[PDB]
>>> print(open('structure_37.cif').read())   # mmCIF, C-alpha atoms
data_work
#
loop_
_atom_site.group_PDB
_atom_site.id
_atom_site.type_symbol
_atom_site.label_atom_id
_atom_site.label_comp_id
_atom_site.auth_asym_id
_atom_site.auth_seq_id
_atom_site.Cartn_x
_atom_site.Cartn_y
_atom_site.Cartn_z
ATOM 1 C CA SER M 1 9.006 10.839 -23.674
ATOM 2 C CA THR M 2 7.386 11.299 -20.225
ATOM 3 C CA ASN M 3 7.607 14.144 -17.722
ATOM 4 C CA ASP M 4 9.504 14.186 -14.424
ATOM 5 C CA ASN M 5 6.397 13.582 -12.294
ATOM 6 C CA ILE M 6 5.630 10.341 -14.178
ATOM 7 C CA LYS M 7 9.285 9.269 -13.707
ATOM 8 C CA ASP M 8 9.084 9.675 -9.907
ATOM 9 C CA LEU M 9 5.905 7.521 -9.925
ATOM 10 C CA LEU M 10 7.554 4.816 -12.032
ATOM 11 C CA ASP M 11 10.479 4.665 -9.564
ATOM 12 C CA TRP M 12 8.104 4.642 -6.579
ATOM 13 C CA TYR M 13 5.614 2.002 -7.736
ATOM 14 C CA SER M 14 8.091 -0.245 -9.566
ATOM 15 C CA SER M 15 10.264 -0.910 -6.453
ATOM 16 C CA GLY M 16 8.698 -3.175 -3.833
ATOM 17 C CA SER M 17 6.988 -2.917 -0.497
ATOM 18 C CA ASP M 18 8.234 -4.048 2.889
ATOM 19 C CA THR M 19 6.394 -6.879 4.622
ATOM 20 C CA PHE M 20 6.736 -7.783 8.304
ATOM 21 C CA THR M 21 4.202 -9.826 10.264
ATOM 22 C CA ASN M 22 3.620 -9.971 14.016
ATOM 23 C CA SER M 23 5.825 -7.017 14.915
ATOM 24 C CA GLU M 24 5.617 -5.422 18.371
ATOM 25 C CA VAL M 25 4.805 -1.814 19.219
ATOM 26 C CA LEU M 26 7.500 -0.060 21.266
ATOM 27 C CA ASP M 27 6.144 3.454 21.187
ATOM 28 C CA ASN M 28 3.286 5.387 19.607
ATOM 29 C CA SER M 29 3.298 9.167 19.474
ATOM 30 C CA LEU M 30 1.396 11.654 17.342
ATOM 31 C CA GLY M 31 2.118 10.993 13.681
ATOM 32 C CA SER M 32 4.452 8.027 14.144
ATOM 33 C CA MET M 33 5.151 4.613 15.649
ATOM 34 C CA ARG M 34 8.373 2.858 16.670
ATOM 35 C CA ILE M 35 8.049 -0.878 16.065
ATOM 36 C CA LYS M 36 10.282 -3.900 16.749
ATOM 37 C CA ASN M 37 10.199 -6.594 14.049
ATOM 38 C CA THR M 38 10.708 -10.329 14.720
ATOM 39 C CA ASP M 39 14.065 -10.338 12.924
ATOM 40 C CA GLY M 40 15.355 -7.728 15.366
ATOM 41 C CA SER M 41 15.115 -4.603 13.202
ATOM 42 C CA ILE M 42 13.291 -1.420 14.257
ATOM 43 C CA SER M 43 10.733 0.367 12.035
ATOM 44 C CA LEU M 44 10.160 4.108 12.362
ATOM 45 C CA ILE M 45 6.891 4.683 10.458
ATOM 46 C CA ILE M 46 5.199 8.033 9.871
ATOM 47 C CA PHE M 47 1.403 8.530 9.811
ATOM 48 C CA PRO M 48 0.583 11.930 8.294
ATOM 49 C CA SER M 49 -3.233 11.650 8.211
ATOM 50 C CA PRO M 50 -5.634 12.747 10.987
ATOM 51 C CA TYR M 51 -8.113 10.131 9.665
ATOM 52 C CA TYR M 52 -5.671 7.238 10.065
ATOM 53 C CA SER M 53 -3.832 7.652 13.371
ATOM 54 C CA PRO M 54 -2.974 4.103 14.631
ATOM 55 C CA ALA M 55 -4.004 3.684 18.280
ATOM 56 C CA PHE M 56 -2.003 0.566 19.116
ATOM 57 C CA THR M 57 -0.405 0.727 22.557
ATOM 58 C CA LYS M 58 3.017 -0.534 23.638
ATOM 59 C CA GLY M 59 3.237 -4.340 23.539
ATOM 60 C CA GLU M 60 0.558 -4.940 20.912
ATOM 61 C CA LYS M 61 1.284 -6.966 17.793
ATOM 62 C CA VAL M 62 0.822 -5.505 14.309
ATOM 63 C CA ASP M 63 1.437 -6.263 10.629
ATOM 64 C CA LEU M 64 3.416 -4.059 8.230
ATOM 65 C CA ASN M 65 2.636 -3.801 4.463
ATOM 66 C CA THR M 66 4.429 -0.526 3.949
ATOM 67 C CA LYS M 67 6.895 1.391 1.774
ATOM 68 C CA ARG M 68 10.344 2.645 2.712
ATOM 69 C CA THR M 69 10.904 6.391 2.369
ATOM 70 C CA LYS M 70 14.696 6.074 2.400
ATOM 71 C CA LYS M 71 17.574 3.633 2.834
ATOM 72 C CA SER M 72 17.785 1.704 6.137
ATOM 73 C CA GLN M 73 20.541 2.506 8.617
ATOM 74 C CA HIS M 74 22.889 0.584 10.942
ATOM 75 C CA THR M 75 23.346 2.734 14.037
ATOM 76 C CA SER M 76 26.160 3.115 16.592
ATOM 77 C CA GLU M 77 24.242 0.908 19.022
ATOM 78 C CA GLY M 78 24.188 -1.739 16.250
ATOM 79 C CA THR M 79 20.446 -1.615 15.526
ATOM 80 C CA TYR M 80 19.011 -1.833 12.023
ATOM 81 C CA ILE M 81 16.398 0.881 11.367
ATOM 82 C CA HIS M 82 13.796 1.073 8.570
ATOM 83 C CA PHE M 83 12.098 4.356 7.594
ATOM 84 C CA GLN M 84 8.603 3.667 6.292
ATOM 85 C CA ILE M 85 5.272 5.426 5.758
ATOM 86 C CA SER M 86 1.775 4.126 6.670
ATOM 87 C CA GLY M 87 0.744 0.440 6.410
ATOM 88 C CA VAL M 88 0.175 -0.804 9.979
ATOM 89 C CA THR M 89 -2.817 -3.102 10.641
ATOM 90 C CA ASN M 90 -3.891 -5.701 13.219
ATOM 91 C CA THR M 91 -2.781 -9.342 12.805
ATOM 92 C CA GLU M 92 -6.147 -10.998 12.028
ATOM 93 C CA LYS M 93 -6.207 -13.524 9.172
ATOM 94 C CA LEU M 94 -9.126 -14.616 6.976
ATOM 95 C CA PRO M 95 -10.376 -18.255 7.148
ATOM 96 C CA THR M 96 -8.979 -18.893 3.626
ATOM 97 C CA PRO M 97 -7.073 -16.561 1.284
ATOM 98 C CA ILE M 98 -9.326 -14.656 -1.104
ATOM 99 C CA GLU M 99 -8.760 -13.229 -4.556
ATOM 100 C CA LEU M 100 -9.660 -9.551 -4.825
ATOM 101 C CA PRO M 101 -11.862 -8.727 -7.869
ATOM 102 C CA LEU M 102 -9.615 -6.501 -10.021
ATOM 103 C CA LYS M 103 -10.659 -5.553 -13.541
ATOM 104 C CA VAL M 104 -8.292 -3.475 -15.648
ATOM 105 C CA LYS M 105 -9.018 -1.484 -18.816
ATOM 106 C CA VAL M 106 -6.212 0.132 -20.846
ATOM 107 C CA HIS M 107 -7.596 2.615 -23.407
ATOM 108 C CA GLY M 108 -11.114 1.193 -22.965
ATOM 109 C CA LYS M 109 -10.058 -2.346 -23.893
ATOM 110 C CA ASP M 110 -9.877 -5.118 -21.249
ATOM 111 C CA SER M 111 -6.405 -6.122 -20.076
ATOM 112 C CA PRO M 112 -5.968 -9.529 -18.367
ATOM 113 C CA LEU M 113 -4.189 -9.850 -15.002
ATOM 114 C CA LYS M 114 -0.878 -11.721 -14.524
ATOM 115 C CA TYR M 115 0.551 -12.708 -11.102
ATOM 116 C CA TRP M 116 -2.262 -10.995 -9.119
ATOM 117 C CA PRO M 117 -1.837 -12.405 -5.554
ATOM 118 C CA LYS M 118 -4.311 -13.768 -3.053
ATOM 119 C CA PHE M 119 -4.613 -12.161 0.365
ATOM 120 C CA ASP M 120 -4.979 -13.775 3.790
ATOM 121 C CA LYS M 121 -5.266 -10.647 5.971
ATOM 122 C CA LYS M 122 -8.609 -9.351 7.240
ATOM 123 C CA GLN M 123 -7.701 -5.680 6.878
ATOM 124 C CA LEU M 124 -5.208 -3.784 4.692
ATOM 125 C CA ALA M 125 -4.348 -0.092 4.776
ATOM 126 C CA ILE M 126 -5.576 1.802 1.731
ATOM 127 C CA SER M 127 -2.000 2.837 0.847
ATOM 128 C CA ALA M 128 -1.100 -0.879 0.672
ATOM 129 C CA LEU M 129 -4.039 -1.597 -1.658
ATOM 130 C CA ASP M 130 -2.884 1.381 -3.752
ATOM 131 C CA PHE M 131 0.654 -0.005 -3.944
ATOM 132 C CA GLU M 132 -0.573 -3.454 -5.019
ATOM 133 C CA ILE M 133 -2.964 -2.159 -7.669
ATOM 134 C CA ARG M 134 -0.398 0.246 -9.197
ATOM 135 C CA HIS M 135 2.459 -2.276 -8.977
ATOM 136 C CA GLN M 136 0.422 -4.747 -11.057
ATOM 137 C CA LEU M 137 -0.216 -1.890 -13.542
ATOM 138 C CA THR M 138 3.451 -0.838 -13.924
ATOM 139 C CA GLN M 139 4.839 -4.391 -14.087
ATOM 140 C CA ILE M 140 2.182 -6.008 -16.261
ATOM 141 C CA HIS M 141 0.304 -3.211 -18.020
ATOM 142 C CA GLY M 142 2.918 -0.563 -18.804
ATOM 143 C CA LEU M 143 1.764 2.244 -16.513
ATOM 144 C CA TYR M 144 4.351 5.122 -16.377
ATOM 145 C CA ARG M 145 6.687 3.467 -18.894
ATOM 146 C CA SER M 146 5.692 5.488 -21.975
ATOM 147 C CA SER M 147 3.744 8.692 -22.666
ATOM 148 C CA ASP M 148 0.534 6.926 -23.704
ATOM 149 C CA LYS M 149 -0.017 5.412 -20.196
ATOM 150 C CA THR M 150 0.253 8.231 -17.684
ATOM 151 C CA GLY M 151 -3.152 8.632 -16.056
ATOM 152 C CA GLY M 152 -6.478 7.142 -15.036
ATOM 153 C CA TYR M 153 -7.708 5.983 -11.636
ATOM 154 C CA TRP M 154 -8.516 2.939 -9.514
ATOM 155 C CA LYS M 155 -11.806 2.624 -7.643
ATOM 156 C CA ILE M 156 -12.827 0.282 -4.842
ATOM 157 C CA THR M 157 -16.548 -0.175 -4.297
ATOM 158 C CA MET M 158 -17.552 -1.644 -0.971
ATOM 159 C CA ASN M 159 -20.656 -3.779 -0.326
ATOM 160 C CA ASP M 160 -22.593 -0.803 1.094
ATOM 161 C CA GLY M 161 -21.856 1.286 -1.968
ATOM 162 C CA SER M 162 -19.244 3.615 -0.478
ATOM 163 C CA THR M 163 -16.163 4.061 -2.680
ATOM 164 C CA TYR M 164 -12.446 4.815 -2.406
ATOM 165 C CA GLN M 165 -10.489 6.136 -5.343
ATOM 166 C CA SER M 166 -7.077 7.407 -6.344
ATOM 167 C CA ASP M 167 -5.843 9.365 -9.393
ATOM 168 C CA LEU M 168 -3.000 7.486 -11.183
ATOM 169 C CA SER M 169 -1.291 10.702 -12.351
ATOM 170 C CA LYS M 170 -0.435 11.740 -8.806
ATOM 171 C CA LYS M 171 1.215 10.055 -5.833
ATOM 172 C CA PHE M 172 -1.191 8.511 -3.317
ATOM 173 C CA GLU M 173 -2.418 11.183 -0.884
ATOM 174 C CA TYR M 174 -0.914 9.916 2.350
ATOM 175 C CA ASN M 175 -1.873 13.107 4.190
ATOM 176 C CA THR M 176 -5.589 12.322 3.868
ATOM 177 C CA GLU M 177 -5.515 8.508 4.007
ATOM 178 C CA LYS M 178 -8.629 6.854 5.492
ATOM 179 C CA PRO M 179 -8.487 3.973 8.034
ATOM 180 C CA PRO M 180 -7.642 0.387 6.869
ATOM 181 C CA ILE M 181 -10.564 -1.613 5.474
ATOM 182 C CA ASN M 182 -11.787 -5.219 5.744
ATOM 183 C CA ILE M 183 -10.916 -6.701 2.372
ATOM 184 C CA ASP M 184 -13.699 -9.290 2.520
ATOM 185 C CA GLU M 185 -16.192 -6.375 2.242
ATOM 186 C CA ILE M 186 -14.880 -5.156 -1.138
ATOM 187 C CA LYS M 187 -17.407 -5.756 -3.931
ATOM 188 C CA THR M 188 -15.346 -4.607 -6.934
ATOM 189 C CA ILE M 189 -12.048 -2.906 -7.793
ATOM 190 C CA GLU M 190 -11.732 -1.354 -11.231
ATOM 191 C CA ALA M 191 -8.636 0.238 -12.719
ATOM 192 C CA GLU M 192 -8.469 2.289 -15.895
ATOM 193 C CA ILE M 193 -5.426 3.562 -17.730
ATOM 194 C CA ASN M 194 -6.259 6.491 -20.037
#
>>> encode(input="structure_37.cif", output="structure tokens")
Amino acid sequence: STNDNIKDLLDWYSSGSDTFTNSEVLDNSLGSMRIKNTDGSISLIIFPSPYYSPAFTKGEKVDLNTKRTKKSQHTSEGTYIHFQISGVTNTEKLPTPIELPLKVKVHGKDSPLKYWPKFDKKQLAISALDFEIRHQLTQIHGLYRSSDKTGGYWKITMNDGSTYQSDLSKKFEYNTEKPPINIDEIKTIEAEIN
């Protein structure tokens, strides 16, 4: 049996993420952005962190690799609105897609990856990297599904030695999220399930 916190995390990381490329900025105020997607929908995205406050101005193009906070709505005016959190980056692509070095250990023993995607974007928000890492863990490695896989961490080590890390027993700390990083500067990503 697992506790209620672990159940919320299983629901959160087992659903998917929203992906929109080449969207256009309509408005950008403190803590949010109103974006128009190519398919005609509108995205209302919140940015709770003072360290990651997108500075894109009206008219600029951006990419979305984000998560919805609630069900989308059809309004009176007939617009389709998405409610998402974080995940806005520039539209730059890498010369050729790369494979991010992810090594996973479950109870100290190595656990091989299955369906770990390649990435063609130059920069990804840290919350998006968090979603991808944890999603692979819940779908392929059993994270949050039983009581013996409820904690651990993931750690990204950059070429200069600086690191980013998240505790798997808690939801990603959106309120203190750091700015998006260039994925081609990541030396290693390790994930351990206790």
>>> resolve_selection(input="structure_37.cif", expression="the PyMOL selection byres ((chain M and resi 165) around 6)", output="PDB file with C-alpha atoms, in the frame of the given file")
ATOM      1  CA  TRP M 154      -8.516   2.939  -9.514  1.00  0.00           C
ATOM      2  CA  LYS M 155     -11.806   2.624  -7.643  1.00  0.00           C
ATOM      3  CA  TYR M 164     -12.446   4.815  -2.406  1.00  0.00           C
ATOM      4  CA  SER M 166      -7.077   7.407  -6.344  1.00  0.00           C
TER       5      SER M 166
END
>>> resolve_selection(input="structure_37.cif", expression="the PyMOL selection byres ((chain M and resi 6) around 9)", output="ChimeraX atom specification")
/M:2-5,7-11,144-145,147,150,169-170
>>> atom_distance(input="structure_37.cif", atom1="atom CA of residue 46 of chain M", atom2="atom CA of residue 102 of chain M")
28.7 Å
>>> atom_distance(input="structure_37.cif", atom1="atom CA of residue 82 of chain M", atom2="atom CA of residue 126 of chain M")
20.6 Å
>>> atom_distance(input="structure_37.cif", atom1="atom CA of residue 120 of chain M", atom2="atom CA of residue 16 of chain M")
18.9 Å
>>> axis_aligned_box(input="structure_37.cif", around="segment 14-18 of chain M", padding_each_side="4 Å", output="AutoDock Vina command-line options")
--center_x 8.6 --center_y -2.1 --center_z -3.3 --size_x 11.3 --size_y 11.8 --size_z 20.5
>>> closest_residue(input="structure_37.cif", among="M:99, M:192, M:92, M:60", to="residue 26 of chain M", atoms="all atoms listed in the file")
M:60
>>> closest_residue(input="structure_37.cif", among="M:90, M:41, M:188, M:73", to="residue 54 of chain M", atoms="all atoms listed in the file")
M:90
>>> resolve_selection(input="structure_37.cif", expression="the PyMOL selection byres ((chain M and resi 71) around 10)", output="PyMOL selection string")
chain M and resi 68-70+72-73+81-84
>>> residues_around(input="structure_37.cif", residues="residue 128 of chain M", least_positions_apart="2", cutoff="8 Å", atoms="only C-alpha atoms", output="short mmCIF file (atom, residue, chain, number, x, y, z; two decimals) with C-alpha atoms, in the coordinates of the input")
data_model
loop_
_atom_site.label_atom_id
_atom_site.label_comp_id
_atom_site.auth_asym_id
_atom_site.auth_seq_id
_atom_site.Cartn_x
_atom_site.Cartn_y
_atom_site.Cartn_z
CA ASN M 65 2.64 -3.80 4.46
CA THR M 66 4.43 -0.53 3.95
CA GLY M 87 0.74 0.44 6.41
CA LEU M 124 -5.21 -3.78 4.69
CA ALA M 125 -4.35 -0.09 4.78
CA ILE M 126 -5.58 1.80 1.73
CA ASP M 130 -2.88 1.38 -3.75
CA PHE M 131 0.65 0.00 -3.94
CA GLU M 132 -0.57 -3.45 -5.02
#
>>> closest_residue(input="structure_37.cif", among="M:146, M:141, M:194, M:189", to="residue 101 of chain M", atoms="only C-alpha atoms")
M:189
>>> residues_around(input="structure_37.cif", residues="residue 163 of chain M", least_positions_apart="3", cutoff="10 Å", atoms="only C-alpha atoms", output="list in words")
residues 155, 156, 157, 158, 159, 160, 186, 187, 188 and 189 of chain M
>>> closest_atom_pairs(input="structure_37.cif", of="segment 44-100 of chain M", to="segment 182-185 of chain M", cutoff="9 Å", atoms="only C-alpha atoms", output="CSV")
residue,atom,partner,partner_atom,distance
M:94,CA,M:184,CA,8.3
M:98,CA,M:184,CA,7.8
M:100,CA,M:183,CA,7.8
>>> closest_residue(input="structure_37.cif", among="M:143, M:193, M:161, M:167", to="residue 14 of chain M", atoms="all atoms listed in the file")
M:143
>>> closest_residue(input="structure_37.cif", among="M:44, M:127, M:117, M:29", to="residue 178 of chain M", atoms="all atoms listed in the file")
M:127
>>> closest_residue(input="structure_37.cif", among="M:59, M:32, M:191, M:38", to="residue 108 of chain M", atoms="only C-alpha atoms")
M:191
>>> residues_around(input="structure_37.cif", residues="residue 114 of chain M", least_positions_apart="4", cutoff="12 Å", atoms="only C-alpha atoms", output="ChimeraX atom specification")
/M:102-104,133,135-141
>>> residues_around(input="structure_37.cif", residues="residue 63 of chain M", least_positions_apart="5", cutoff="7 Å", atoms="all atoms listed in the file", output="VMD selection string")
chain M and resid 20 to 23 88 to 91
